[PDB]
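Structural characterization, general
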Amino acid sequence: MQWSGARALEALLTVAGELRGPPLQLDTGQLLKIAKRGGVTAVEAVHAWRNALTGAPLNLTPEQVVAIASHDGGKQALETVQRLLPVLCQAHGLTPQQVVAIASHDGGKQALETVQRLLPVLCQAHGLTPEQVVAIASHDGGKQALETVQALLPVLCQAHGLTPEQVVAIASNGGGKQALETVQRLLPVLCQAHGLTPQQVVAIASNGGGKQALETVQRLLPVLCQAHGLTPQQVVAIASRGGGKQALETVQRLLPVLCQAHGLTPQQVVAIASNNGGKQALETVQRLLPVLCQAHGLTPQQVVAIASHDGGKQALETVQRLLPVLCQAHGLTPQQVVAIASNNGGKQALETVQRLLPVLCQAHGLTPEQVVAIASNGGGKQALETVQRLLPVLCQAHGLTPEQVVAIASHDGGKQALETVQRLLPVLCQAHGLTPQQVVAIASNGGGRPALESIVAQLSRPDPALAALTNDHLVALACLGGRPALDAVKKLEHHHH
DNA sequence: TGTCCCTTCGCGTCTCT
DNA sequence: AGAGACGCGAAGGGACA
């Protein structure tokens, strides 16, 4: 948007304003979101057929249009969607959301067109479910994954003895075509030579960049075992758990350095690299471990804990940066900050804690101890933000104590629990006669949302299990193990009674 | 410059157990 | 309770027209 022509760009700001206009109603964040990954052709196209997409047969929502648009070749997809959505939904049985899901990717046109062209031959001749075809296609380069699945599924299943589930698992990723081809080539080589169960070979391929990881494993598997004293199992961990090529390479490169000079066990090095962006975590503990754990206060064990997660790099960097301010200015022990950072999205929690500790403690009346409990979970940021937002409405409109709201929030998926309590606490308490503290009890666990959702569905529309269990029982189960422990009981009557 | 494809990395939620 | 699977999606890069 720099150097090609004098004057104009007048037509661009004309449309940019009108998209705030009624059909779509886009905010600033959305427009820039489109502009960035979709380009201007995208922004133009959105405008161009903003009415056509909102009503008509399509009846897409605004956020759906935005989703489709904000990708390389967005214009192309938006067009192909208008054209093919109804035929895919009617003549092949898909939901609109499924069509949108296929479209909301780079090269959406190609995916949509290839789905239409091959959803039958796959479902009929290879016995795949349409869910599975959508899964393969709902990615970048879906056309290629689809096309490759067709070509290699017979060969992979007969010759190399794989389930279709496994082929799908492989293809249902970015660069499936690659992962598939690379497996075909390297399945025999990896199996009889480097001694790996086919299950392990599929494990590795069933991530993004699987081709890389397969190739890199074959190459580096011997080395890492003899020279660096790892097990084949440990090597496969690193390769399958997200690290891929990058992590394997980085392990080789930094295993001696981290063990000898920085004093870690090879167990800990493997734990760190067996993750997404292992490379990043390893390089981030090579530096930063000294200054963290020898000036910034912590023990190696604690540093290994923070790094042994997705985005460990981010966590370490934001710990090192905010450990002083949080300890000093907000009065938290290092042990609390480590707890906050030792989760997925540590960076996000620490930063959110920083900006909301005061707010929660002043305006909403909470101990810091409570805030840290909320923050010391997966998706801490989300809970904190949701607590702030929903604490008042829960306490007033639904009559809960703060201590209850905090208890709900203090689990992985806190946000979801809170939101779901708000939704269902009414219908549960009046229509089916549960008592708030029961509803809170159910919710105050991991998987609290689906626990609730699951417990409602049971009462409102009783299944074969004809009562058998009373309401008070179901609640006990639901607290005991949520949806699993509910589906499990259901599945102890279906073919039974 | 836009479109398509591939790889790497990070965030959030649930379940195993 | 913590570890690990899963889903979702941003971000970065390469190839080609």
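Method-wise, the PDB entry is recorded as coming from X-ray crystallography, at a reported resolution of 3.10 Å.

1. Re the environment of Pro 22
Within the fold, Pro 22 resides in the loop between helix 1 (10-18) and helix 2 (28-48). A relative accessible area of 66% means that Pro 22 is categorised as exposed. As a C-alpha pair, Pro 22 and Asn 51 span 29 residues in sequence and 9.6 Å in three-dimensional space.

2. Some thoughts on the protein's contact with DNA strand C
In the vicinity of DNA strand C, the contacting residues are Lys 33, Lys 36, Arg 37 and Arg 241. In this structure, a base oxygen belonging to DNA strand C sits 3.1 Å away from a side-chain N or O atom of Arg 37. In the environment of DNA strand C, a phosphate oxygen lies 3.1 Å from a nitrogen or oxygen atom belonging to the side chain of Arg 241. By residue class, the composition of the surface near DNA strand C is no nonpolar, no polar and 4 charged.

3. Brief notes about helix 17 (residues 278-286)
The complete set of buried residues in helix 17 reads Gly 278, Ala 281, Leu 282, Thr 284 and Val 285. The buried side chains of helix 17 occupy one side of the element, clustering within an arc of 165° when seen end-on. Buried residues belonging to helix 17 abut helix 15 (244-260), helix 16 (266-273), helix 18 (289-292), helix 19 (300-307) and helix 20 (312-330). Among the residues trailing helix 17, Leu 288 stands out with phi positive, at a value near 70°.

4. Structural notes on the packing of helix 11 (residues 176-192) against helix 13 (residues 210-226)
Closest axis-to-axis distance for the helix 11/helix 13 pair is 8 Å, and the angle between their directions is 20°. In terms of their interaxial angle, helix 11 and helix 13 are classed as roughly parallel. Every pair of crossing elements has a handedness; the one defined by helix 11 and helix 13 is left-handed. Along the contact surface, helix 11 presents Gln 178, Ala 179, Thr 182, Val 183, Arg 185, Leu 186, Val 189 and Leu 190, while helix 13 presents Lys 211, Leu 214, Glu 215, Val 217 and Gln 218. Within the contact of helix 11 with helix 13, the residues separate by chemical class into 7 nonpolar, 3 polar and 3 charged.

Analysis parameters
- Residues numbered from 1 in each chain as written, not as in the entry; some residues may be left out.
- Chains lettered and ligands numbered in written order.
- Heavy atoms only, no water.
- Residues with missing side-chain atoms left out of burial classes, pairs and counts.
- Helix = DSSP H or I, 4+ residues; strand = E, 2+ residues; numbered from the N terminus.
- Buried < 20%, exposed > 50% of the residue type's maximum accessible area, 1.4 Å probe, protein only.
- Near = heavy atom within 4 Å.
- Polar contact = N/O pair within 3.5 Å; in protein donor to acceptor, adjacent residues only side chain to side chain.
- Nonpolar A, V, L, I, M, F, W, Y, C, P; charged D, E, K, R; others polar.
- Arc of directions from axis to C-beta.
- Contact = heavy atoms within 4.5 Å.
- Axes fitted to C-alpha atoms, helices over the stretch in contact; angles between N-to-C directions.
- Parallel < 35°, antiparallel > 145°, perpendicular 65-115°, else oblique.
- Left-handed = near helix turned anticlockwise from the far one by under 90°.

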